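# Overview (structure and organization)
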Amino acid sequence: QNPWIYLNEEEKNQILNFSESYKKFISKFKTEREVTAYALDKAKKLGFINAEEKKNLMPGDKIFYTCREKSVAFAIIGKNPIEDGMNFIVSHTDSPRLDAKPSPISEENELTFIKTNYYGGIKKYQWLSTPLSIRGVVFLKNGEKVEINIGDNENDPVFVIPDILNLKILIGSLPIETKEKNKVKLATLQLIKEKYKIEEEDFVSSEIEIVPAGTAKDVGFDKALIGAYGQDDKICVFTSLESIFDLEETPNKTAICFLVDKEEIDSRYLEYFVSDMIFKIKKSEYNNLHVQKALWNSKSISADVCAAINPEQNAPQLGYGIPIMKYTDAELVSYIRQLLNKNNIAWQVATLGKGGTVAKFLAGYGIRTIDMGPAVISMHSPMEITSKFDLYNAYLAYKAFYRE
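A word on the nonpolar core. Counting residues in each nonpolar core, the largest one holds 55 residues, and the members touching the most others are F74 and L241. Counting residues per element, the ones that place at least two in this core are α1 (9–28), α2 (32–44), β12 (225–228), α4 (231–244), β16 (322–327), α7 (330–343), β18 (368–372) and α9 (388–400). By residue number, the principal contributor to this core is α9, which donates eight residues. Among the nonpolar cores identified, the runner-up in size contains 29 residues, and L57, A75, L270 and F273 belong to it.

Written as structure tokens, this is what we have:
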């Protein structure tokens, strides 16, 4: 039946606007750090406060916990006793990219490249002959942090990985007049030094990942699809953040909107910040056994999207609802069935062969978890295709959840 049909111009416009926001978003923030900053700055406004500077913890309190520039907390304390449980969302900030080697700069056949190391489920041949953007953090010999972002931006140059007819990013040609060995390497190295104050070796340390350059676009004549890079869960990072973000009024039962990094596969940060909130709530009476009880009650949703079909009644389809995934607790599923149906939110079912890490881990603490995220096409490619209807749909699924 495809949900679109039962909508009206109003709702239809709500979707189209929410999607423009989503675009300006994934278009800008592509790396874990970048997305973290985005998230953080949004909550900084809207009124969220850092965990510290806060010994207090009252219903309606909007706070946030920072991990290490790659993960964030974001919690709005609810009316019910924090002991009776909380609701977590959890989505991963990272996505597949390249990561330059510790000592990446090298010259080959009169050309300078960056070494790089495949990260995530890359589709190799898809990264060949494509505009790339270098993004990184570099600490100098004196631990002075510097930031790079080249590829997007106006007039900005791009970098590629040539092909015929390993993974090395082309950085530059034309030499420098010197009796030194590799001239194109030096030539290029001086540029980077003159422009960034960076010297070779500053590359050890530092964190530099190569990302598909370019901006998100609309797919098809009907502009009903979004093709972009990072769709893998950034659609969830975005939608979940929104749902929790001041788009409500104090909720019964505390709301948590995690956002983890899979590089850190965070693995304990949950225990730490959740036990921190509990201590703020019961000073002289704090106690390990609480938390444990707090966590054991809580229910959580795991974002990470899932694949769809190209070119079965258990595979999802674009623009047909948020799918409730299951890899290959009925009572929790029942809770969401009703919850969604109650609000008239469109959902789907989905079985998967070979997100999972996050589903686990969460359930490892006692939190009853469920897998829910949109559905993607050309997954883990520089252009993952998603539906705008699903985008808004997810945001409604979440939130609706937060407001049980």
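Continuing now.
Under the domain assignment used here, the protein chain contains domain 1 (1–96 + 215–404) and domain 2 (97–214). Look at where the C-alpha atoms of domain 1 and domain 2 centre, and you get two points 34 Å apart. Every contact between the two is made by 21 residues of domain 1 and, on the other side, 18 residues of domain 2. Carbon and sulfur atoms make up 46% of the area that domain 1 and domain 2 hide from each other, which totals about 1500 Å². Taken together, domain 1 and domain 2 are joined by nine residue pairs in polar contact. When residues of the side of domain 1 that touches domain 2 are traced back to their parent elements, those giving at least two are α1 and α2. A per-element tally of the side of domain 1 that touches domain 2 places α2 first, with three residues. Of the residues that constitute the side of domain 1 that touches domain 2, the class distribution is four nonpolar, six polar and 11 charged.

To describe a pair of aromatic rings, you give the distance between the ring centres and the angle between the ring planes. Scanning all chains against the criterion turns up 22 aromatic pairs. On the basis of an interplanar angle of 35° and a centroid distance of 5.0 Å, the ring pair of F29 and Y38 is categorised as tilted. The exposure classification of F29 matches that of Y38, with both residues buried. Ring pairing ties together the aromatic residues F18, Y22, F25, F29, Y38, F238, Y392 and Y395, which thus form one cluster.

On to the sheet that holds strand β20 (residues 384–387). Two pairing modes exist for strands in a sheet, parallel and antiparallel, and in both the strands are linked by backbone hydrogen bonds. Taking strand neighbours across the sheet as the criterion, the three strands line up as β11-β12-β20 in an open arrangement whose pairing is antiparallel. Two strands close off the open sheet at either side, each with one partner strand: β11 (217–219) and β20. Neighbouring strand axes in the sheet, compared pairwise and without regard to direction, differ in orientation by 40° on average. Across three bridges, the pairing between β11 and β12 is antiparallel. Residue pairing across strands places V219 opposite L225, the latter belonging to β12. In this fold α4 packs onto β12 and β20, with an angle of close to 35° to the strand it touches most, β20.

Moving on: α9. Over its 13 residues, α9 runs 18 Å from end to end, which matches the ideal 18 Å to within 8%, given 1.5 Å per residue. Of all 13 residues in α9, 12 are buried, a share of seventy percent or more. Residues of α9 that are buried include every one of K388, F389, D390, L391, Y392, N393, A394, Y395, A397, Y398, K399 and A400, and no others. Its side-chain oxygen 3.1 Å from the backbone nitrogen of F389, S387 forms the N-cap of α9.

What follows is about the layout of surface pockets. Any empty space left between atoms is shown by rolling a water-sized probe over those atoms. Of the volumes computed, that of the largest pocket is approximately 470 Å³. Considering the residues around the largest pocket, the lining is formed by 18 residues, among which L7, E11, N344, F389 and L396 are closest to the centre. Within the residue set of the lining of the largest pocket, elements represented by two or more residues are α1 and α9. Ranked by residue count, the leading element in the lining of the largest pocket is α9, at six residues. Considering only residue class, the lining of the largest pocket consists of 11 nonpolar, five polar and two charged.

In spatial order, the strands read β5-β6-β9; together these three strands make up an open sheet with antiparallel pairing. The open sheet has two free edges, formed respectively by β5 (106–108) and β9 (169–172), since each of these has just one partner strand. Going across the sheet, the axis of each strand differs from the next one's by a mean of 50°, ignoring polarity. One ladder, built from three bridges, connects strand β6 (residues 111–114) with β9; its direction is antiparallel.

Here strand β17 (residues 347–352) shows a clear split, with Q348, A350 and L352 buried on one side and none of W347, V349 and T351 buried on the other. As defined by bridge partners, β16 adjoins β17 across six bridges and the pair is classed as parallel. Paired with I322 across the strands is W347, a residue of β17.

Between α1 and α9, the shortest axis-to-axis distance is 9 Å and the interhelical angle comes to 90°. The angle between the axes of α1 and α9 places the two elements in the roughly perpendicular class. Taking contact as the criterion, the partners of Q14, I15, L16, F18, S19 and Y22 in α1 are, on α9, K388, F389, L391, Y392 and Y395. Taken together, the residues of the contact of α1 with α9 sort by class into eight nonpolar, two polar and one charged.

Burial runs high along strand β7 (residues 132–139): seven of the eight residues are buried. Here β7 pairs with strand β8 (residues 145–150) via six bridges, running antiparallel. Across the sheet, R135 pairs through a bridge with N149, a residue of β8. Here β7 folds back onto β8, and the loop between the two strands holds five residues, one of which, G143, carries a positive phi near 50°.

The rules behind these values
For each chain, positions are counted from 1 along the sequence as written; this may not be the entry's numbering. Residues without coordinates are not shown. Neither water nor hydrogens contribute to the side-chain values; these are computed over all heavy atoms in the structure. For this analysis, a nonpolar core means a set of buried residues of the types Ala, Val, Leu, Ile, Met, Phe, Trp, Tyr and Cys, connected via side-chain atoms within 4.5 Å. Exposure categories follow from relative accessible area, calculated using a 1.4 Å probe and restricted to protein chains: below 20% of the type maximum is buried, above 50% is exposed, and the middle band is partly exposed. Numbered from the N terminus, helices here are DSSP runs of H or I no shorter than four residues, and strands are runs of E no shorter than two. Those domain boundaries reflect an automatic or database domain assignment. Here, two residues are considered to be in contact whenever any of their heavy atoms come within 4.5 Å of each other. Put simply, buried area is the surface a 1.4 Å probe can reach on two separate parts but cannot reach once they are joined, added for both. Contacts described as polar in this section are N or O atom pairs within 3.5 Å, which, within protein, must combine one atom able to donate a hydrogen with one able to accept it, while residues neighboring in sequence count only if both atoms come from side chains. In this count, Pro and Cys sit with the nonpolar residues alongside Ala, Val, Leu, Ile, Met, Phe, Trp and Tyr, while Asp, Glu, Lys and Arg are called charged and the others, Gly among them, polar. What counts as a ring pair is set by centres within 6.5 Å for rings of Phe, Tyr and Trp (its six-membered ring), and what kind of pair is set by the plane angle: stacked under 30 degrees, edge-to-face over 60, tilted for all other angles. For two strands to be treated as a pair, DSSP must find at least two bridges joining them. Axis definition: a line fitted to C-alpha atoms, limited for helices to the stretch in contact. Angles are taken between N-to-C directions and run from 0 to 180 degrees. Under the convention used throughout, the expected extent of a helix is 1.5 Å for every residue step, that is, one less than its residue count. The way it works is a 1 Å grid over only the protein atoms, where trapped points that fit a 1.4 Å probe form a cavity and open points with protein on both sides within 12 Å along at least five of seven lines form a pocket, and then any residue with an atom within 4 Å of a point lines it. Grid points are joined across faces, edges and corners, and a volume is the space filled by probe spheres set on the points. If an angle is under 35 degrees, it is roughly parallel; if it is over 145, roughly antiparallel; if it lies from 65 to 115, roughly perpendicular; otherwise it is oblique.

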